[PDB]
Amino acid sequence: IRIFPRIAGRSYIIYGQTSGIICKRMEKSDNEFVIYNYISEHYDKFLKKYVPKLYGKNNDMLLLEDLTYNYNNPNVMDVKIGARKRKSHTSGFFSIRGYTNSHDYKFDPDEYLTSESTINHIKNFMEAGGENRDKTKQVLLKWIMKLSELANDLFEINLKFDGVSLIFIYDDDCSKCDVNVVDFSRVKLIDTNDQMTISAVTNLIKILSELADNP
């Protein structure tokens, strides 16, 4: 058994016994599985664009696509865009839960931040990408392109995305990047769209667009 280098969460996550798969234990209920299936049947396009593939279930374990698999030198950031259980967001509209090398910058997931500190932590996450500005702003722009489409699509989806995170990834060489939505354990059916979750994504798009544009 090989422990998966998580960025955040308390969940039991291991490498699969084969390439490109992780096993996440459903700790408290099978609700994450129920919600993958429900999204599979009602919003399959959403599942295809924005969510790691669910290959299968093994008792309490989900076999998930390893979002880090195709990266020589992956940098990962977990941002919670869904509602916290109780507790307000550490950055108002969202909470950064962790990032690759966040220890080196004295990052603390319990610390409520100003806009300045929030933006500095995202700048911190981007430092591994090096001083070549053209290729780091390409990463920012590919993230903005997918996040924009996600915020657009969220208006047409009647789910409360309580607890869901965005996983931002980029390779050290800035050759490759992505962002995807994870963690549906606390997602709920509702009769409208999720304005809190949409505001989290639009606020991130704002921050990233400010970085992509600064000189």
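So that there is no doubt, residue numbering starts at 1 and follows the sequence shown. The term rigid core refers to the most C-alpha atoms you can superpose between the two forms while keeping them within 1.5 Å.
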Core-superposed comparison in 8 other deposited structures of this protein: bigger Cα RMS shift among 127-135 and 140-148 is in 127-135
Which has the higher mean CA temperature factor in the PDB entry, 117-125 or 131-139?
-> 131-139
Could you settle it for me: does 185-193 or 148-156 have the higher average Cα B factor in the PDB entry?
-> 185-193
Once the chain's modelled residues are ordered by C-alpha B factor and cut into thirds, is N58 in the lowest, middle or highest one?
-> middle
Classify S199 as lowest, middle or highest third according to the C-alpha B-factor given in the PDB entry, relative to its own chain.
-> middle
Based on the entry's values, in what third of the chain does the Cα temperature factor of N180 lie: lowest, middle or highest?
-> lowest
For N31, does the deposited CA B-factor place it in the lowest, middle or highest third of the chain?
-> middle
Could you look up the Cα B-factor of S95 in the entry and say which third of the chain it sits in: lowest, middle or highest?
-> lowest
